[PDB]
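Shown next are two forms of a single protein chain, provided one at a time as structure tokens under the names structure 1 and structure 2.
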Structure 1
């Protein structure tokens, strides 16, 4: 717990070092790319077939995959869900995105259950919890970048995300990638 909080603090103290320039939009868009890269890893492993990337009307971004779902069982050493360990302990890792997010929402569908957890600046608000039943599997991460970290360029650029997602669809030809902008209704579907 003290180690977790110190590691998150290490990322916040030197955020450009972990995520890229925090003033010119590079780091901001790399936050999305890190989350997408985890979904792509789940596609490379043979589990994920579709990835949905949403720019919400409030300039948060979500990434949904249909992979296995991050494991949810208690990780013995930490006494918290494996998912929480992945989200909070230091491809820079999704924990960097969590550390640099004012808020992050995690929803996992796995082993017949839906699980949800909220973080603020990487601090879990409650233990991962069951919210219902599902026959689906996958992982959804929605994050609200911290305005204490990201300056000047704070709004996501549809075209920057679209170009990278098109590249990833070409390089992962089986994967379907959807991009949706809730700010204006724009959407794209990349599937080689």
Structure 2
């Protein structure tokens, strides 16, 4: 990930005018849509939190948790840390990122800071549900001037995605002012 950290703009887009900041969400959403497509209920929830973080939840199968035989860490950590630019870029450029995977009857959690895992992916509980959730706090060392998410920019893109990925439900929620949308074709 040091190649990303060296020139963030070349991977995510302009880090001063809001372009890159919003692209962070769209990259995560791309992965969440793929996950939702492979499951039964086919829904994603994008939430803008009051503290300027964003979470993306899917109801897919959960991304794989087993150890990657080459890399020697969880397959989930490989997705988050090894170079559509990929969600590893989002991770590298987030001051904090929380991953939650529900899969094979277990809840798994991991925290990253600036792309660095704070501990290995760990089982924290049992669950009947399946899916993946990522919440990320964009790094204010990287993203300047426009540091807050504009609802309308997210809504515009998610609407476009709902037509293309027809039969995937996309919910957008803003916890700052209560605004919400439900895109479903």
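Residue numbers count along the first chain shown, from 1. Rigid core: the largest C-alpha set superposing within 1.5 Å between the two forms.
Comparing the two forms between structure 1 and structure 2 on the rigid core, the single residue of 142, 56, 164, 47 with a CA shift of 2 Å or greater is 47. When the rigid core is fitted, residue 79 shows a C-alpha shift of 2.1 Å between structure 1 and structure 2.
Once the core is aligned between structure 1 and structure 2, the alpha carbon position of residue 173 differs by 1.2 Å; this is the C-alpha shift at that site. Relative to the superposed core, residue 99 has its Cα moved 0.1 Å between structure 1 and structure 2.
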